[PDB]
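In what follows, chains are A, B, ... by sequence order, proteins preceding strands, each numbered from 1.
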Amino acid sequence: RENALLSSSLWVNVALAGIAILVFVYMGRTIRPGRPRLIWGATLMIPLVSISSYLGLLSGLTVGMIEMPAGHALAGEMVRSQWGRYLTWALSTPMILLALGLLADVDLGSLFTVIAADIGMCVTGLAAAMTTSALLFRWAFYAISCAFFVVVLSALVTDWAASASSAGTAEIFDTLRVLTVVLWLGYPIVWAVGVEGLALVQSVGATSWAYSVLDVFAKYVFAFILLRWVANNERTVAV
Amino acid sequence: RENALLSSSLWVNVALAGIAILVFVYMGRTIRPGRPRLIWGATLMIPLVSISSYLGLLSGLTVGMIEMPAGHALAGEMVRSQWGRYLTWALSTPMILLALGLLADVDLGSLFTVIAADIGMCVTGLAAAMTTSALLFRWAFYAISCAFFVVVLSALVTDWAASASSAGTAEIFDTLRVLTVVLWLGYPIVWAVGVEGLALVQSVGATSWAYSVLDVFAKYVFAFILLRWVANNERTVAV
Amino acid sequence: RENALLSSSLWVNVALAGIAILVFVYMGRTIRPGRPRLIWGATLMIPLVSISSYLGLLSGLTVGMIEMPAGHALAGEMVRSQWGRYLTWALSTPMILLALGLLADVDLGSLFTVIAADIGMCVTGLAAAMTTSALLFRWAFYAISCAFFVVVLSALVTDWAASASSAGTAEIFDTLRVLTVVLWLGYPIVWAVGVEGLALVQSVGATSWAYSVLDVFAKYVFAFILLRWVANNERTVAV
Ligand SMILES: *C/C=C(C)/C=C/C=C(C)/C=C/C1=C(C)CCCC1(C)C
Ligand SMILES: *C/C=C(C)/C=C/C=C(C)/C=C/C1=C(C)CCCC1(C)C
Ligand SMILES: *C/C=C(C)/C=C/C=C(C)/C=C/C1=C(C)CCCC1(C)C
Ligand SMILES: CCCCCCCCCCCCCCCC(=O)O
Ligand SMILES: CCCCCCCCCCCCCCCC(=O)O
Ligand SMILES: CCCCCCCCCCCCCCCC(=O)O
Ligand SMILES: [Cl-]
Ligand SMILES: [Cl-]
Ligand SMILES: [Cl-]
Ligand SMILES: [K+]
Ligand SMILES: [K+]
Ligand SMILES: [K+]
């Protein structure tokens, strides 16, 4: 029993994302034209994409019930699948990467390559959750998704940092890269521990809360820190 | 009664888009290599994406019947939903923005950010039309879509214009930006007045004609004006 | 009878793609930071996207049975449709184009325009295979797809080559462009000769083998040649 546990994890972020959007409009309204202003735009779009994700889940548009396959801890049982989360990450995670790439001033060759890997990660993660014929294919898609994640992590952890040191944004970039790497690693852990994976935690409402908490930090806190710094150091960024 | 009213609004643009494509091949065949030639390519792709959209609708591939929720003027009634229009805009509107960004010579940081917002606009607009559980979620998605539209409009209306003045294309860019802003504003008005929204107009054939007319100007006339100017001023653009 | 013929064409490439990935990690581990390293990343992602495609097909996630329309050689018969192939090309073909564009050092204006056309090609090809109301619309989508393909071919065949000569990569680019043009032309031929098109070949297992063979060369051999050359000429590429 937990329709309320599940629904509260969703409404709470519709409220938080909405508040973040207002706060960010306030914070960036006077930012100078150019690169600084572009990052402000990305910072606004991260919570807007997040609200779309939560509305898809609350409305029922992007949620369905799926039956787990033989071998799964819940084999032959119906599980609620919030596939709308996995689908929407294909738009919000590239926006986070866009914000970070604009900040580090990376060449779009690198930005395009990282967003491509990131989309591969999200598409294969969705496939992992939607696959029901055999347990093997669910984990095979999860593994491929991890492989795409490594490509993204390698870029944060290395190439992109090179670009930041040269744009005069190494310090803020180091803070945001570490926060991103740490929080992003939490999504596949939640997936593997919850109903979709090993089912060590069998509550979909609990797992939904785990993702909602990760979102608050990976998206809203992330974006506030980034936007506050850019507003306070706009000459460096336009430069 | 209006299978004919609806079907004619679709075939008419398959014919017009097809004619535009032939005219554009004729107009741009001799354009010099580089930036001018890239814009010619985008100008060809706008009507090609448009024809795909109309074929999805005419074939039935991207059309379904949906039932309106409690509170809607047509609550508990089946309505034809041309969701293929909303879906295909996710590919054609970025092409229009690409053509305008190549023209204004914007940095791809800005172009990527604007196309990202534009895709958010189109995806949330589709969600608005496909949502059926509650009337509230339909309008919530419509509002978020409007928010993404504002980000795109802000770019036309400001940042991009800066880039154009510096590329030597301010005049043609001012003409095309104004035409785009005006015509693009007509799509959410049609959506809100027609069956999907307030249903002040309850004919799906009429609303389909409203969109078809907007397409002729937003896509075909838009592209002809752009292509004619680039063919006539290719030195400025390659420069 | 041929569940085995069909399934072997899929498992064989899961194995080959997996081997390619290991070989490429080995080959590119020491490549210098920058452009060379980005191409290595794309070279890794081509086979990773390919494995996702084959897992979607083997699991049943991206396969369905469709009934052919009046006038088709198999009118009123159920045909297995591997639509997951067509869908996944929307991610793998842009990666191939990305690798080639990084190699030729093209401006992202051109790269974005070519990937846009390429996605149009893949989306309309999928529509061609998924359309079932009338035979006419299947071929109309196939023709539009061909039109988008011409835009991509024009870029390989011309604009991109200009960029390569200027990056010091003309020779390797000429080899890879020719291999790409030739192998890519084989996909629409297979589509038109097999069950989806004219049905001159009515075995879905045979047609699946035709695509699998094209994939080995268009993706794995392609990527090995590209990666071997970049590892051996990294100074030219970083330069
Ligand atoms: C705003 C949301 C964010 C930052 C979401 C990030 C999500 C991921 C990094 C998901 C990663 C996953 C894997 C690496 C394995 C497959 C399971 C996933 C999709 C949860
Ligand atoms: C070629 C077609 C074009 C130019 C289509 C443009 C469509 C829009 C600007 C749609 C905008 C909408 C909103 C801003 C609110 C939600 C309803 C939409 C999707 C119609
Ligand atoms: C890795 C896979 C590759 C390189 C796939 C390439 C696929 C194409 C070039 C498909 C082309 C097609 C057309 C041009 C007409 C419609 C049928 C298609 C989609 C097979
Ligand atoms: C920043 C550029 C990213 C480009 C990403 C291209 C693919 C986007 C796909 C997004 C699917 C999102 C659908 C969301 C539906 C919902 O949120 O309710
Ligand atoms: C210019 C680059 C844009 C990138 C856009 C990425 C997401 C494209 C999604 C397009 C969906 C279109 C499906 C069309 C089907 C039809 O037209 O019948
Ligand atoms: C290199 C950038 C490309 C951008 C492409 C944007 C649109 C990608 C859509 C990919 C759909 C792939 C779904 C795959 C599912 C599967 O493989 O099982
Ligand atoms: Cl999201
Ligand atoms: Cl369109
Ligand atoms: Cl693929
Ligand atoms: K649902
Ligand atoms: K339909
Ligand atoms: K299936």
Heavy-atom pair of closest approach, residues C/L91 and A/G120: CD2-CA, 4.0 Å

Proximity breakdown for C/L38 and chain A, heavy-atom pairs closer than 4.5 Å: both

Euclidean distance, C/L55 CG relative to A/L136 CG, rounded to 0.5 Å: 8.0 Å

A/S133 (side chain) donor-acceptor with C/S59 (main chain) under 3.5 angstrom: yes

Sub-4.5 Å side-chain heavy-atom contact between A/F148 and C/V49: yes

Close side-chain approach of C/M45 and A/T113, heavy atoms under 4.5 Å: yes

Proximal component of A/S110, with respect to chain C [non-hydrogen, under 4.5 Å]: both

Side-chain heavy atoms of C/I115 within contact of A/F112, under 4.5 Å: yes

Chain C contact via A/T158 - which portion, at a heavy-atom distance below 4.5 Å: side chain

Which portion of C/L44 sits near chain A, non-hydrogen atoms under 4.5 angstrom: neither

Residue A/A134 versus chain C: region with a heavy atom under 4.5 Å: neither

Reported CD1-to-OG distance for the pair A/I144 and C/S53, which is rounded to 0.5 angstrom: 12.0 Å

Chain A contact via C/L48 - which portion, at a heavy-atom distance below 4.5 Å: both

